[PDB]
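Each remark here refers to the structure printed beneath this line.
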Amino acid sequence: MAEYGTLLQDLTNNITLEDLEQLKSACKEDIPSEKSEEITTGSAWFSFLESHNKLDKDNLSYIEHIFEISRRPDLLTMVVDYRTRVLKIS
């Protein structure tokens, strides 16, 4: 669970308010309009997403895509890499 916590945080370190806009732009259909509005922090979007069941402690597929579709593969990579490294660790 925790490592995932840093994972969200790692992309969050790389997340600019602007980066989020782009992810939101990608997410416009999936993440509700009302909510996308108030996404002024990387953690906020996770914490929203977490609050709704579009992201477990294990589940990433929702966000993985978002990072794929959005032209910001650093974050994707962190999700991908996390999935893997933690897989190899566990």
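Labeling convention for the structure tokens: chains A, B, ... as they appear, residues from 1 per chain, ligands from 1 in order of appearance.
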Residue contacts of residue 43 of chain A (8 Å, only C-alpha atoms) excluding same-chain residues fewer than 5 positions away, as a PDB file with N, CA, C and O atoms, in the first residue's frame:
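Here's the written file out39.pdb:
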```
ATOM      1  N   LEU A   8       2.197   7.517  -6.158  1.00  0.00           N
ATOM      2  CA  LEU A   8       1.306   8.670  -6.389  1.00  0.00           C
ATOM      3  C   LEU A   8       2.041   9.962  -6.168  1.00  0.00           C
ATOM      4  O   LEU A   8       2.019  10.847  -6.997  1.00  0.00           O
ATOM      5  N   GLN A   9       2.828   9.968  -5.153  1.00  0.00           N
ATOM      6  CA  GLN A   9       3.700  11.042  -4.771  1.00  0.00           C
ATOM      7  C   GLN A   9       4.900  11.344  -5.699  1.00  0.00           C
ATOM      8  O   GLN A   9       5.148  12.485  -6.007  1.00  0.00           O
ATOM      9  N   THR A  12       3.289  12.958  -8.503  1.00  0.00           N
ATOM     10  CA  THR A  12       2.911  14.189  -7.841  1.00  0.00           C
ATOM     11  C   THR A  12       4.102  15.199  -7.744  1.00  0.00           C
ATOM     12  O   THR A  12       3.928  16.397  -7.981  1.00  0.00           O
TER      13      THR A  12
END
```
(Q) Between atom CA of residue 22 of chain A and atom CA of residue 74 of chain A, what distance in Å does the model show, to one decimal? (A) 13.5 Å
Q) Closest to residue 66 of chain A among A:30, A:4, A:47, A:85, using only C-alpha atoms? A)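 For residue 66 of chain A, the nearest of the candidates is A:30.
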(Q) So, with only C-alpha atoms as the atoms that count, which of A:26, A:69, A:11, A:1 lies closest to residue 41 of chain A? (A)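 Of all the options, A:11 lies closest to residue 41 of chain A.
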Q) Closest to residue 83 of chain A among A:17, A:49, A:2, A:60, using only C-alpha atoms? A)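 Under the stated criterion, the closest residue is A:60.
Computed from the coordinates, the atom CA of residue 68 of chain A to atom CA of residue 42 of chain A distance equals 16.5 Å.
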Q.
Report, in Å to a single decimal, how far apart atom CA of residue 24 of chain A and atom CA of residue 87 of chain A are.
A. 28.4 Å
Q: Find the residues near segment 27-29 of chain A: any atom within 12 Å, counting only C-alpha atoms, skip ones fewer than 5 places away on the same chain, and give them as a list in words.
A: residues 20, 21, 22, 34, 35, 36, 37, 39, 45, 49, 54, 62, 63, 64, 65, 66, 67, 68, 69 and 70 of chain A
Could you save those same residues with N, CA, C and O atoms as a compact mmCIF listing (two decimals), in the first residue's frame?
```txt
# COMPACT_ATOMS: atom_id res chain seq x y z
N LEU A 20 -1.39 18.42 -14.43
CA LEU A 20 -2.73 17.94 -14.06
C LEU A 20 -3.81 18.33 -15.00
O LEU A 20 -4.65 17.48 -15.34
N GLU A 21 -3.74 19.55 -15.51
CA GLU A 21 -4.69 20.04 -16.52
C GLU A 21 -4.74 19.08 -17.70
O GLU A 21 -5.79 18.80 -18.26
N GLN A 22 -3.58 18.61 -18.08
CA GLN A 22 -3.46 17.78 -19.22
C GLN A 22 -4.03 16.42 -18.94
O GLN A 22 -4.82 15.90 -19.74
N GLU A 34 -17.26 18.54 -12.32
CA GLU A 34 -17.30 19.25 -11.03
C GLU A 34 -15.96 19.03 -10.31
O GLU A 34 -15.50 19.84 -9.53
N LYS A 35 -15.45 17.84 -10.48
CA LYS A 35 -14.32 17.42 -9.73
C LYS A 35 -13.04 17.83 -10.37
O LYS A 35 -12.15 18.32 -9.69
N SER A 36 -12.95 17.66 -11.65
CA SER A 36 -11.80 18.07 -12.42
C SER A 36 -11.47 19.55 -12.16
O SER A 36 -10.31 19.94 -12.23
N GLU A 37 -12.51 20.33 -11.85
CA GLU A 37 -12.36 21.73 -11.57
C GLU A 37 -11.45 21.93 -10.40
O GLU A 37 -10.53 22.74 -10.45
N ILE A 39 -9.14 20.17 -8.97
CA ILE A 39 -7.93 19.35 -8.93
C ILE A 39 -6.58 20.13 -8.91
O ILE A 39 -5.75 20.05 -9.80
N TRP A 45 -6.11 14.87 -6.88
CA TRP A 45 -6.74 14.07 -7.89
C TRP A 45 -6.70 12.65 -7.49
O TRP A 45 -7.72 11.97 -7.61
N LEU A 49 -9.99 10.57 -6.59
CA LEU A 49 -10.12 9.35 -7.35
C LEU A 49 -10.31 8.25 -6.33
O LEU A 49 -11.13 7.46 -6.52
N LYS A 54 -12.39 4.80 -8.24
CA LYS A 54 -11.68 4.69 -9.49
C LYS A 54 -10.18 4.50 -9.24
O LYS A 54 -9.41 4.48 -10.19
N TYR A 62 -6.72 2.85 -14.12
CA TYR A 62 -7.41 4.07 -14.44
C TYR A 62 -6.37 5.18 -14.75
O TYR A 62 -6.43 5.82 -15.80
N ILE A 63 -5.44 5.34 -13.86
CA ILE A 63 -4.41 6.34 -13.92
C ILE A 63 -3.30 6.03 -14.88
O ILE A 63 -2.78 6.92 -15.51
N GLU A 64 -3.00 4.74 -15.04
CA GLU A 64 -1.96 4.29 -15.95
C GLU A 64 -2.28 4.79 -17.31
O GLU A 64 -1.48 5.45 -17.93
N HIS A 65 -3.48 4.55 -17.73
CA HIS A 65 -3.99 4.98 -19.03
C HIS A 65 -3.81 6.46 -19.13
O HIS A 65 -3.47 6.95 -20.19
N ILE A 66 -4.22 7.17 -18.11
CA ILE A 66 -4.23 8.62 -18.14
C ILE A 66 -2.88 9.11 -18.44
O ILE A 66 -2.70 9.94 -19.34
N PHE A 67 -1.92 8.55 -17.78
CA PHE A 67 -0.55 8.87 -18.07
C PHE A 67 -0.10 8.47 -19.50
O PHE A 67 0.72 9.16 -20.08
N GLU A 68 -0.66 7.35 -20.06
CA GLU A 68 -0.36 6.90 -21.45
C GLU A 68 -0.89 7.93 -22.42
O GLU A 68 -0.20 8.32 -23.38
N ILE A 69 -2.16 8.23 -22.29
CA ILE A 69 -2.85 9.06 -23.22
C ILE A 69 -2.35 10.49 -23.22
O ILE A 69 -2.23 11.14 -24.28
N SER A 70 -1.98 10.95 -22.07
CA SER A 70 -1.41 12.25 -21.92
C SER A 70 0.09 12.20 -22.28
O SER A 70 0.78 11.24 -21.97
```
Q.
Let's see if you can do this: from backbone DSSP, list all helix (DSSP H, G or I) residues in chain A, as a PyMOL selection string.
A. chain A and resi 2-14+17-27+33-37+42-51+61-69+73-89
Q. Taking only C-alpha atoms into account, which of A:84, A:89, A:72, A:33 comes nearest residue 16 of chain A?
A. A:72
